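My questions all concern the structure below.
Each value in this text was obtained by applying a stated rule to the coordinates, not by laboratory testing. Cβ placement follows ideal geometry from the backbone for every residue including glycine, while neighbour counts extend to all protein chains displayed.
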Amino acid sequence: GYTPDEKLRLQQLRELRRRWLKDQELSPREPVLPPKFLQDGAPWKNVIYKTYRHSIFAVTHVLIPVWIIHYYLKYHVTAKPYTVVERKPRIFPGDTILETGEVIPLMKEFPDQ
Amino acid sequence: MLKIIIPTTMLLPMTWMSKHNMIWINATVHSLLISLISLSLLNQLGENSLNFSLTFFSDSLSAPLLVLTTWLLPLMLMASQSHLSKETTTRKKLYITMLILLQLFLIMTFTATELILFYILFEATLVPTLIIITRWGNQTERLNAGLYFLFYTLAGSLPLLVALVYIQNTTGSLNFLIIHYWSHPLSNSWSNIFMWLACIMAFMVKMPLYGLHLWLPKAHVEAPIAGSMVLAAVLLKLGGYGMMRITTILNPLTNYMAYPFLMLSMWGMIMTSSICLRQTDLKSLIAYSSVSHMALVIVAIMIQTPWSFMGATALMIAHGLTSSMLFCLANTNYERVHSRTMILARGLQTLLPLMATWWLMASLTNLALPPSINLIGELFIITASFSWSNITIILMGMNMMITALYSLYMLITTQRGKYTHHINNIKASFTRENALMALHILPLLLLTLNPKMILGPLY
Amino acid sequence: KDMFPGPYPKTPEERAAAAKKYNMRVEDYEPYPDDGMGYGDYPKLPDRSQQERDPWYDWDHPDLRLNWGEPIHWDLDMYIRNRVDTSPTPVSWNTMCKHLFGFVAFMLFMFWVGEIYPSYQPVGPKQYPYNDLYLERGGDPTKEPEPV
Amino acid sequence: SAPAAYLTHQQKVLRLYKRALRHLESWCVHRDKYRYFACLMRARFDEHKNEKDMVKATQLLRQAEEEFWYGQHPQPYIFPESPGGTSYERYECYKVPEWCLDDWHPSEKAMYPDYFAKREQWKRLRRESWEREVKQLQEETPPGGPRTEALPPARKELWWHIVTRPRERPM
Amino acid sequence: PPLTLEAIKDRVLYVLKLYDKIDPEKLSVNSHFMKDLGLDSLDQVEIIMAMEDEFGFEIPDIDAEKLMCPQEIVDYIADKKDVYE
Amino acid sequence: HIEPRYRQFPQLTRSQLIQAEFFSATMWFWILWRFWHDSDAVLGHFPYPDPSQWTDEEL
Amino acid sequence: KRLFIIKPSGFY
Amino acid sequence: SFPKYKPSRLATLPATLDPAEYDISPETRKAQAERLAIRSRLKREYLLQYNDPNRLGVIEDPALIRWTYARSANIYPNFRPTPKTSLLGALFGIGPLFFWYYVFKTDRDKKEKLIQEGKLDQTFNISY
Amino acid sequence: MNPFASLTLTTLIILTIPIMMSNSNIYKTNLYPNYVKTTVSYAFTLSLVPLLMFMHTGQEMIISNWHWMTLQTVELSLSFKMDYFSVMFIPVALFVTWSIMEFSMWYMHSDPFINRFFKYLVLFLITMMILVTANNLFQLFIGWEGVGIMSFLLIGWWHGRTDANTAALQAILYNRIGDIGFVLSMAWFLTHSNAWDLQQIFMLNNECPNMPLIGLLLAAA
Amino acid sequence: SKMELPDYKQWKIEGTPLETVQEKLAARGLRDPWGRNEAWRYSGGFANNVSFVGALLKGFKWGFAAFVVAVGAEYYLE
Ligand SMILES: CCCCCCCCCCCCCCCCC[C@@H](O)O[C@H](CO[C@H](O)CCCCCCCCCCCCCCC)COP(=O)(O)OCC[N+](C)(C)C
């Protein structure tokens, strides 16, 4: 059971608030200054984005790093010992490419499945 | 060098003769230049300590500190120059003189060389910082604070003084190089023990020790920020520098006398950090964080293992920059709202972003995470400490716990969360603010790339 | 002014000034009391983490959740939320403690009695079934020193 | 939004009812079983003492509180807006108070001429209004009782507080 | 669902209609709840919780005490959702 | 693109159901094809008591 | 657009 | 039901179970009327402060200042020596650090006797 | 071999670039995130290759391109061991995270600051890569702790409600408690084995280590 | 572009499991006013719960067949 004065209060504030929110709305009010702007717009004049965008993007992000980092590879690996240490390949009974060699052993095993 | 030191004197005439509304630019620009000149000193040598005049030398231990000390002046200027404005021109012009006079005493007291010269400057630093704390601090308590800052230094320093004189009588010269070479052990008895404390207590006061640190928070609560940045970032560290110096003598006695101070330190670190976890107001929180880190330096010095001195150097510098950074970064809030108490700031992030970013970087390196020079500085001394006693890790680990918490805490309490409603006072971040803290934090991050020039002599 | 907290509970007739001063006259004024901890003439308030106070009320400071001049609990910060929450719990406290600590206890003892009787070894009685394998021994004798 | 008032018995037993009923859904899960036990529950409240003297009744509450507290379920369902919430304040990151925009400086303020125009209209309305709420508040109030706010009588009515809260999901 | 005032008043009555104790023809947006209709509070709690439940919206208790007129309700949700429609 | 309804849930596009059903069927097709491709739930038999002649006992 | 967002000035 | 809740320092009893919530006398109702009176007094005040155009700046509430004051400046002037606090302070003070003193010193001695009189010294530990 | 070498390091490093682009105006655009999903896509495409060179011939690699700080005796240096584990694991992370990218573009599509959110995503993943790859133990520690703090930044994303903040703080707290053990171990290997490198430590510790393993276990906890 | 509300009248309770419940309350004689609301939208329309194991076998009806095509390919390879 609200007191009537409370009722009119809540009514008044409700009206004022809807008035506020209605005031909040914007129209063609969204705006911008004119917009180097030419440094971007001139480049877009001839680009064919549907394929070319993926082109340039991939060009940078995958082509440049590998060229660079591999050049850095000739730096650090050619420069110094133990910069890169391989596990050295397993060598089975089959001949090495280094100089033939290698041999199978016994093969005394019998029966199957 | 005598070359860097003259211009530092020369700014004073320049300050006084500067046009009344241009002085900040003068002092700023030339202080930056002289910083860059200071930087050339850094080269050092891999073997012999660098030398100059008969009366100066530049050990690797001093050089990064010297570079830092030269580096701070512009920063304090950028912080100060809006904090004060309504002050009369003659008084302001009087004011920066305190700062520069101060750093002049620092550039002199780092390169030493005689330990009596080093002492007299070591104690000479006390005056300008006193004047600054007392005349330009806010609120009443600063008066009282002045006294605590003062006597705790002198009561420590004075016996050291007499002790110094004594040695140059019991041996030849007081000079550092020869005493590094002519050094001979002092041992047990009882006279030699009092010699020990006499040559340690002053240095262990000036970088606060847990049983004696009481003046330090109560200094930082009071001092105008330009006083705070120096009182935190530098003077502590210089006390550490001197204590690293005088340990050329002593031994083997240090092996026997380290224990009590290792207890006050190893326990005081966890303790003060714990107090740090529940402050009422931020400006103190930072201060106790500072003591909580200096304890690490002081054990790092006393276990005397080379790793420990490496870590000593690194942590001294890193904590320098990060602490000063937190202070200016707190003063900004204090100016925007005059709250001081941390609770009123509340949702400061909501109303402005970039400061939240600096809060993030700064606190983030306060907790020390890799590969901050703070961290790497700290990990070494944990290593050497662990060599010294396998148990010790259980203490260090707790530190690394709490220093996380309160650090993040100061972040999440004064930022993340709701804005206070009525506090309309905030006004969207000046350029100088961002400029300033960017100036703290960038060097701190570049510096990680090249530790090898900061680790110091025992590298 | 005089608004700042004043020393010592021991103001039996002057207590009214104190109760007024913190804005809580209704003899809710509770000094800690005189004691050597040295905090005196400050209201002792019941412990209550801020969750306990009503969320739906429109507080002046909703995160702090504690309007305006209302005197603040001493250990505000420990109860500030994000810290200790002393909210009431449907199962009683001691029962909580007993159930969990007892649970971990049983968990451990059962565990270690388990450790006494490994699989493929066990208590001998069950071991009559549990026995198996042995098996593990192998390797060329060289492996005894190929690892050496 | 209807502050205070020292509490009374009826509303008390009512809130106990909505509460218990809700936890009862939290148990019964299915709309079905929940419906059944709900009807059974209200049936309990009426079948018991829907009318009685007070002194017995409070005892009946003291019974009910226990009987509830035992059955209250470790965690009730809670709507996200509610203080439990899966998102009690997810959006408080966003609700910036209006006065803060009043700071953008002209190069930004130019970009929304309309909104700012309307806004100065408002701020004008307030600064014009305020003395009236002063005199009225001064008027309707006795020394100053438990009640909060007071009715409009000819204009305005302490409105700036509520009317310009930053809605609910600003972003 | 950007939602509108008509949608609120409509969905609300659309729930009040289904409640048995109300006789649907007598229902009106302004129709009173106790002085008109004998539903009493013990059922009032039902209609309010069941009604908020439709939205997933939550009703604070002291505001639940007022309630009564359905228009007061649609007003209330209009405030909390800030529809301004 | 979809409308709220108030009970109907206008389950847009058959293609959705086509996809869902496609993956469920894809699942069973895999588990079964793999079940026929091999029975990995078994391999080689094992036994216990064996024969005393293989071991030792004498008397 | 349709409705005005509030937001602190981001210019500085 | 039977079991009954048992309140603790970390689990304060819910308000619904508090006996004081029930028994109620008109003077106690005057207590609630009073509490609402002062609470309404102050909140009315805070609203008069909160929103008139001319304030602009922050307005700190006095109670918070009494608190921050009482978390620092007021602690010492009171104090009082009391044997409970004094002994408790000696305990938390000198105690644990003596504890650590023995705990480190023994280990040090142990490593001493192993490095010297013994020969269990670590190898490779050339870093130092 | 060599192509494998350039390969893995590329399958890491390209991830860094968008963060760099974070100061570029494209970051301020709505357009940014799809460059990120595409970025992880290329990252994965590249990421498969080392696994296959790892397949049929089975080779494994360590590189330590640049010493960072030469101490006495010890000279720690960043070193990306690329064993079975580290090679196999990367495509997985790239894969699922790429799916998370595409998901998040829709889950958050209403949300402001979404671009920042993606920035934090990549920023997290890269630290994860720091952890899985690192040979030198210290580098494992930077990957460790950094992943921890990214966890903190993301848990608190809805920073308004307190519960998010407590959750974040809670996570950093227990992680830190683990970090104590991590540091204990990390010191002990240096004091004893004199190392901080998996080569050193695997080599010199045929003897039983009675204690470092348990603290390291706590860190694992 | 508001969607219309369906209908007040149309939500019959008779087909619902809930009707059984109202019967059970009728055994108590108790009245359960809300059911026509609760049951309407949920149980009473599209609702017709899918079997659990049947839900698990959502793809089996086609998968077994494509599998038959697969083994058919097996014999075809023979
Ligand atoms: C670096 C960290 C510092 C840690 C803490 C520093 C020292 C704390 C311990 C303080 C030492 C003792 C002083 C404490 C007060 C004693 C004097 C007096 O004020 O205390 C009386 C009461 O205190 C007790 O009588 C004294 C107990 C003292 C025992 C503690 C000593 C612990 C040893 C500490 C180490 C000592 C240093 C040795 C070198 C390592 C109260 O006076 P009063 O009210 O009028 O009369 C008594 C009232 N009666 C009759 C009702 C009882």
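Since B:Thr383 meets every condition but one in (1) within 7 Å of another protein chain (Cβ to nearest Cβ); (2) surrounded by fewer than 23 Cβ atoms within 10 Å (Cβ to Cβ), which condition does it not meet?
If we test B:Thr383 against (1) within 7 Å of another protein chain (Cβ to nearest Cβ); (2) surrounded by fewer than 23 Cβ atoms within 10 Å (Cβ to Cβ), just (2) comes out false.
Something else now. Restrict the check to segment H:54-72 and report whether at least one residue is at the interface with chain C (Cβ under 8 Å from one of its Cβ atoms) and within 16 Å of the ligand (Cβ to nearest atom).
Within segment H:54-72 (the criterion being at the interface with chain C (Cβ under 8 Å from one of its Cβ atoms) and within 16 Å of the ligand (Cβ to nearest atom)), the answer is no, since none of the residues qualifies.
Give the residue, chosen from B:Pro208, B:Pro159, that is within 16 Å of the ligand (Cβ to nearest atom) and closer than 21 Å to B:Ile298 by Cα.
B:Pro208
Right, next: Within segment J:24-34, does at least one residue satisfy the condition of being within 18 Å of the chain's Cα centre (by Cα), more than 7 Å from every other protein chain (Cβ to nearest Cβ) and either assigned to a helix (DSSP H, G or I) or under 22 Å from E:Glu46 (Cβ atoms) (or both)?
no
Go through segment H:99-127 and count every residue that is among the aromatic types (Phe, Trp, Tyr) and loosely packed, with under 13 Cβ neighbours inside 10 Å.
2
Residue-by-condition table, conditions (1) more than 8 Å from every other protein chain (Cβ to nearest Cβ); (2) farther than 30 Å from J:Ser1 by Cα; (3) polar (S, T, N, Q); (4) surrounded by 11 or more Cβ atoms within 10 Å (Cβ to Cβ):
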position	(1), (2), (3), (4)
F:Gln8	no, no, yes, yes
F:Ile18	yes, yes, no, no
F:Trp28	no, yes, no, yes
F:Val42	yes, yes, no, no
F:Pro49	yes, yes, no, no
F:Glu57	yes, yes, no, no
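If you go through segment J:56-72, how many residues are more than 15 Å from F:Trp36 (Cα to Cα) and surrounded by 16 or more Cβ atoms within 10 Å (Cβ to Cβ)?
Count: 4.
Now, a different point. How about segment E:29-85: which of its residues are part of a helix (DSSP H, G or I), under 24 Å from D:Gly84 (Cβ atoms) and more than 13 Å from chain A (Cβ to nearest Cβ)?
If the condition is that a residue be part of a helix (DSSP H, G or I), under 24 Å from D:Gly84 (Cβ atoms) and more than 13 Å from chain A (Cβ to nearest Cβ), then E:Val45, E:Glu46, E:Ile47, E:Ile48, E:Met49, E:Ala50, E:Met51, E:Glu52, E:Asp53, E:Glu54, E:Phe55, E:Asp61 are the ones that fit.
Related question: Would segment H:102-114 turn up any residue that is within 14 Å of the ligand (Cβ to nearest atom), out of contact with any strand residue (DSSP E or B) (no Cβ under 9 Å at 6 or more places or on another chain), more than 14 Å from chain C (Cβ to nearest Cβ) and among the hydrophobic types (A, V, I, L, M, F, W, C)?
Checked segment H:102-114: no residue is within 14 Å of the ligand (Cβ to nearest atom), out of contact with any strand residue (DSSP E or B) (no Cβ under 9 Å at 6 or more places or on another chain), more than 14 Å from chain C (Cβ to nearest Cβ) and among the hydrophobic types (A, V, I, L, M, F, W, C).
Test B:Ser191 against the criterion of being of a type outside the set (A, V, I, L, M) and under 30 Å from B:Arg142 (Cβ atoms), and give yes or no.
Criteria not met by B:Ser191.
Scanning for something surrounded by fewer than 22 Cβ atoms within 10 Å (Cβ to Cβ), under 21 Å from the mean Cα position of the chain (by Cα) and assigned to a helix (DSSP H, G or I), does segment B:188-195 turn up at least one residue?
no
Each row is one residue, and each column tells you yes or no for (1) touching a strand residue (DSSP E or B) at 6+ places or on another chain (Cβ under 9 Å); (2) part of a loop (DSSP other than H, G, I, E, B); (3) buried (at least 17 other Cβ atoms within 10 Å of the Cβ); (4) more than 8 Å from every other protein chain (Cβ to nearest Cβ).
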position	(1), (2), (3), (4)
D:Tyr17	no, no, yes, no
D:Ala20	no, no, yes, yes
D:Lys33	no, no, no, yes
D:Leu40	no, no, no, no
D:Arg44	no, no, no, yes
D:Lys49	no, yes, no, yes
D:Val55	no, no, no, yes
D:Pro76	no, yes, no, yes
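Has segment H:25-40 got any residue that is more than 8 Å from chain D (Cβ to nearest Cβ), out of contact with any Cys (no Cβ under 9 Å at 6 or more places or on another chain), surrounded by fewer than 12 Cβ atoms within 10 Å (Cβ to Cβ) and not hydroxyl-bearing (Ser, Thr, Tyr)?
There is at least one residue in segment H:25-40 that is more than 8 Å from chain D (Cβ to nearest Cβ), out of contact with any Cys (no Cβ under 9 Å at 6 or more places or on another chain), surrounded by fewer than 12 Cβ atoms within 10 Å (Cβ to Cβ) and not hydroxyl-bearing (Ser, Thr, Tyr).
Here is a further query. Enumerate the pairs (first residue in segment H:91-112 and farther than 17 Å from B:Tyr210 by Cβ and of a type in the set (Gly, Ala, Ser); second residue anywhere and part of a helix (DSSP H, G or I) and within 9 Å of the ligand (Cβ to nearest atom)) with beta-carbon separation below 8 Å, excluding pairs fewer than 6 apart on the same chain, so at least 6 apart or on different chains.
Listed pairs, sorted by first residue: none to list.
Still on this structure, please answer the following. Please work out which one of (1) over 23 Å from C:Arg65 (Cα atoms); (2) of a type in the set (A, V, I, L, M); (3) surrounded by fewer than 16 Cβ atoms within 10 Å (Cβ to Cβ) is the condition H:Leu17 fails and give its number.
H:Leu17 satisfies every listed condition except (3).
Would a scan of segment D:102-119 turn up a residue that is crowded, with 17+ Cβ neighbours inside 10 Å, more than 14 Å from chain I (Cβ to nearest Cβ) and under 27 Å from the mean Cα position of the chain (by Cα)?
For segment D:102-119, residues crowded, with 17+ Cβ neighbours inside 10 Å, more than 14 Å from chain I (Cβ to nearest Cβ) and under 27 Å from the mean Cα position of the chain (by Cα): absent.
Mind counting the residues in segment D:1-15 that are within 11 Å of chain H (Cβ to nearest Cβ) and either of a type in the set (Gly, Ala, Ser) or assigned to a helix (DSSP H, G or I) (or both)?
Residues that pass the stated criteria total 5.
Moving to a separate point now. Given the conditions (1) away from chain H (no Cβ under 13 Å); (2) within 16 Å of the ligand (Cβ to nearest atom); (3) over 14 Å from the mean Cα position of the chain (by Cα), and given that B:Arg245 satisfies all but one, which numbered condition is not satisfied?
B:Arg245 satisfies all of (1) away from chain H (no Cβ under 13 Å); (2) within 16 Å of the ligand (Cβ to nearest atom); (3) over 14 Å from the mean Cα position of the chain (by Cα) except (2).
Can you tell which of E:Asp10, E:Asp20 is part of a loop (DSSP other than H, G, I, E, B) and either under 13 Å from the mean Cα position of the chain (by Cα) or at the interface with another protein chain (Cβ under 9 Å from one of its Cβ atoms) (or both)?
E:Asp20
Between a first residue in segment B:310-339 that is within 14 Å of chain H (Cβ to nearest Cβ) and a second residue that is part of a helix (DSSP H, G or I) and hydrophobic (A, V, I, L, M, F, W, C), which pairs have beta carbons less than 6 Å apart while being 6 or more apart in sequence or on different chains?
B:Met310/B:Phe380; B:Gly311/B:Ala300; B:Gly311/B:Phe380; B:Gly311/B:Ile381
Yes/no matrix, rows are residues, columns are (1) within 21 Å of the chain's Cα centre (by Cα); (2) assigned to a loop (DSSP other than H, G, I, E, B):
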residue	(1), (2)
F:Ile2	no, yes
F:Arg5	no, yes
F:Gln19	yes, no
F:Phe23	yes, no
F:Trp28	yes, no
F:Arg34	yes, no
F:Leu43	yes, yes
F:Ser52	no, yes
F:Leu59	no, yes
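Yes or no, residue by residue, for (1) more than 7 Å from every other protein chain (Cβ to nearest Cβ); (2) in contact with a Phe, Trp or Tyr (Cβ under 6 Å, 6 or more places away or on another chain):
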residue	(1), (2)
C:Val26	no, no
C:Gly36	no, no
C:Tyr42	no, no
C:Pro46	yes, no
C:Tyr57	yes, no
C:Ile72	no, yes
C:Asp85	yes, no
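Among the residues of segment B:33-71, write down those that are surrounded by 17 or more Cβ atoms within 10 Å (Cβ to Cβ), under 30 Å from B:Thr90 (Cβ atoms) and of a type outside the set (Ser, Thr, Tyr).
B:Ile34, B:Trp71
Scan the helices (runs of 4 or more DSSP H) fully inside segment H:45-116 and keep the ones with 3 or more residues being at negative phi and among the basic types (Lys, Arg).
H:83-115
Kindly indicate which of I:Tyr32, I:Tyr84 is among the aromatic types (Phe, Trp, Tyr) and more than 22 Å from A:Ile64 (Cα to Cα).
I:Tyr84
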